Amino acid sequence: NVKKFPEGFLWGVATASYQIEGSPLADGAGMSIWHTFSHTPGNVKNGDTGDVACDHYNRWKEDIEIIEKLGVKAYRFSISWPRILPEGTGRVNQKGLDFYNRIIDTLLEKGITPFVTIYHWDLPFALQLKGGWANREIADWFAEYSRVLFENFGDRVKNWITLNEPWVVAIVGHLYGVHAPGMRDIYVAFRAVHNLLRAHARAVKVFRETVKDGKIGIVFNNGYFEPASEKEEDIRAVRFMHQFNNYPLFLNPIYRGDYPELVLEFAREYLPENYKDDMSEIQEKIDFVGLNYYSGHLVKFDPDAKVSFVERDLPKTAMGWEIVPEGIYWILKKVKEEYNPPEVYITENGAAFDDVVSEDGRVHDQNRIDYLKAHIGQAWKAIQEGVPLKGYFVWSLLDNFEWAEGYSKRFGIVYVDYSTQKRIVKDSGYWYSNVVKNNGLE
Ligand SMILES: CCCCCCCC/N=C1\OC[C@@H]2[C@H](O)[C@H](O)[C@@H](O)[C@H](O)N12
């Protein structure tokens, strides 16, 4: 039962700016597309917005004290593009820079390693008005935004992530229309995919110029897809879902100079005519791949769709996502086998459960603990088999605004009572503190 990780393995927790900060317009900040999206009726459960969230914009110091109290060694957090550049490019908001400098300086005082996600979905509204990720010019808008971050924070932050989950940004935001900017156009969605890559690569190239002794990567969402049967088309359906939904959509471009074969077969018509002229730039060398993982999915070829998900009789979280720990093992083995990145991090893994504050005033969330434990164990197996996993980040430090689900879905290892903004460390929080102390499971 004992599973000790490698010396130096990095144990962390993650958040994203829009999800926890509140005060979205504080101190001259521009609107983001999530401000405008969640202020549109019908877009978010219960009409929830990130106006307040966890009030981290004012409670940042105390939230960091929670990380330090738990002994957690890394903090993955994102930067709000419009707090720094209210108009997307040009004028810099010094008070925005100031908010993150304090967080950065405090983290380092306490021996916590900052991982900064440059973009975790809160694009400036002003850039959305000029087409956002649909606009080829965003590769350069993003370059200028990245440079400003590297210049200001790069002396102290040495670990960077360009994009959180570009598949989600492109597809859930511009095809399914479930996330900002709330569009449903497949031609726009594959131009977003392509522009995300070009942006990512430009930022990495500016990074080599502006930051010394630092490492930069990119973070992908990933599902463990399994075939509903051993029928040939079901096995093919799984290949497509892995190539499309998982890291290959972007790493094939990055490591190989082109999109995956089944994605070209499906979507060549939706990509720009001469997209391949952009591939040699997109192959800008990266230092690590961040994989987020939450769930397993059974998949089948379905002519009325051409792939459908098929619900399994398996344990689920409060999202209805199936809990399939071996998935994080499969995806870790797979990424090495296919692309052999020199370094990998689990940049998100976690679970939403219907947490209860007990009469004792504690939050006993053994179910979240069970979820995290099973996944960490499977992660450990992947290391024993040669995967260079360098760290593990729990999603999330705090219960927060879960995008289109609003506040009703709680991912925290720390409970937030939104009537008072009071934090209560959950049992999972204490458990995770011990994992870090023991560098593993005992
Ligand atoms: C049933 C099919 C849908 C499966 C959805 C898979 C889970 C989605 N993943 C996440 O679940 C929670 C977490 C956060 O929303 C975070 O900001 C994102 O970076 C990341 O996407 N997060």
Side-chain angles (χ1 to χ4, degrees), residues 1-3 5-14 67-68 70-72 74-77 107-108 110-117 157-161 164 213-214 216-222 224 246-247 251 255 285-294 324-351 368-397 413 428-436 438-442:
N1 294 316
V2 17
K3 295 181 167 145
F5 287 62
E7 153 63 6
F9 191 77
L10 207 42
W11 296 103
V13 287
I67 308 183
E68 168 191 36
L70 291 195
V72 168
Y75 180 47
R76 167 164 181 243
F77 67 97
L107 283 174
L108 286 163
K110 296 168 192 288
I112 306 165
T113 311
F115 272 58
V116 175
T117 300
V157 173
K158 298 307 196 194
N159 296 280
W160 292 80
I161 292 162
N164 183 67
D213 304 336
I216 189 156
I218 168 157
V219 157
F220 307 107
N221 53 279
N222 302 277
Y224 176 43
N246 285 352
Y247 57 79
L251 289 182
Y255 283 109
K285 182 181 128 40
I286 65 175
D287 299 302
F288 71 79
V289 167
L291 296 195
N292 297 352
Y293 176 84
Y294 288 84
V324 181
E326 64 268 37
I328 199 163
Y329 165 85
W330 182 89
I331 199 71
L332 281 174
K333 296 302 314 280
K334 205 59 185 279
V335 74
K336 177 169 180 180
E337 159 190 335
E338 294 187 304
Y339 297 108
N340 188 37
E343 281 187 5
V344 186
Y345 286 84
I346 292 300
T347 36
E348 300 180 20
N349 172 244
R368 177 170 293 104
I369 288 172
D370 290 346
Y371 175 105
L372 288 173
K373 191 174 180 171
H375 282 85
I376 286 172
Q378 292 298 132
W380 180 87
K381 186 179 178 190
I383 287 179
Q384 307 323 121
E385 291 176 8
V387 182
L389 193 63
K390 292 258 277 174
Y392 174 94
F393 289 76
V394 164
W395 181 271
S396 184
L397 180 60
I413 53 174
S428 77
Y430 302 114
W431 180 84
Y432 188 60
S433 185
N434 282 327
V435 174
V436 183
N438 308 333
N439 193 35
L441 314 170
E442 285 172 8

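Atom set for the values below is all heavy atoms of this structure, side chains included, hydrogens, waters and symmetry mates excluded. In this chain, residues are counted from 1 in sequence order.
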- prompt: Which atom pair, heavy atoms only, marks the closest approach of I369 to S428?
  reply: CG1-CA, 3.4 Å
task: Taking only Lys NZ, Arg NE, NH1 and NH2, and the carboxylate oxygens of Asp or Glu, determine whether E326 and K381 approach each other closer than 4.0 Å.
output: no
statement: Tested for ring pair (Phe, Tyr, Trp, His ring centres under 6.0 Å) against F115, the lone hit among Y75, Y345, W160 is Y345
message: Nearest 0.5 Å, please: how far is CG in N340 from CG in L251?
response: 11.5 Å
message: With rounding to the nearest 0.5 angstrom, report the CD1 to CD1 distance, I67 to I112.
response: 5.0 Å
field: All ring pair (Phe, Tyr, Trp, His ring centres under 6.0 Å) counterparts of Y329, not counting sequence neighbours
entry: none
- prompt: Got a sec, which residues hit side chain to side chain contact (heavy atoms under 4.5 Å, CB included) with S396, two or more places apart in sequence or on another chain?
  reply: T15, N400, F411
Inter-residue atom distance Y339.OH - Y247.OH, 0.5 Å rounding: 7.0 Å
- line: Sorted by chain and number, sequence neighbours left out, salt bridge (charged side-chain N to carboxylate O under 4.0 Å, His left out) with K333 holds for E385
statement: Between the CD1 atom in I328 and the CD1 atom in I346, the distance rounded to the nearest 0.5 Å is 4.0 Å
statement: Distance col, row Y432:OH vs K373:NZ, nearest 0.5 angstrom, shows 15.0 Å
Sole candidate of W395, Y294, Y392 that passes side-chain hydrogen bond (donor to acceptor under 3.5 Å, both in side chains) when paired with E348: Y294
message: Looking at every non-hydrogen atom in both residues, tell me the closest pair between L332 and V344 and how far apart they are.
response: CD2-CG1, 3.9 Å
message: I need the minimum non-hydrogen distance between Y255 and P342, along with the two atoms involved.
response: OH-CD, 3.9 Å
message: Just checking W11 against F5, ring centres under 6.0 Å apart?
response: yes
- request: Quick one: pull up CD1 in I161 and CD1 in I218 and give me the separation to the nearest 0.5 Å.
  value: 9.5 Å
statement: Closest heavy-atom pair, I383 versus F9, reported as atoms and distance to 0.1 Å, is CD1-CE1, 3.8 Å
task: Please name all residues satisfying side chain to side chain contact (heavy atoms under 4.5 Å, CB included) with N221, sequence neighbours left out, ordered by chain then number.
output: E165, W167, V168
field: side chain to side chain donor-acceptor pair (under 3.5 Å) involving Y371 - partner list, sequence neighbours excluded
entry: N349
- prompt: Closest heavy-atom contact between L70 and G429?
  reply: CD1-O, 3.8 Å
- line: Closest non-hydrogen atoms of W431 and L441, given as atom of the first, atom of the second and distance, are CZ2-CD2, 3.8 Å
query: Are any side-chain N or O atoms of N222 and backbone N or O atoms of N246, one a donor and one an acceptor, separated by less than 3.5 Å?
result: no
- prompt: Sequence neighbours excluded, which residues qualify as ring pair (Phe, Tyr, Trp, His ring centres under 6.0 Å) partners of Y224?
  reply: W330
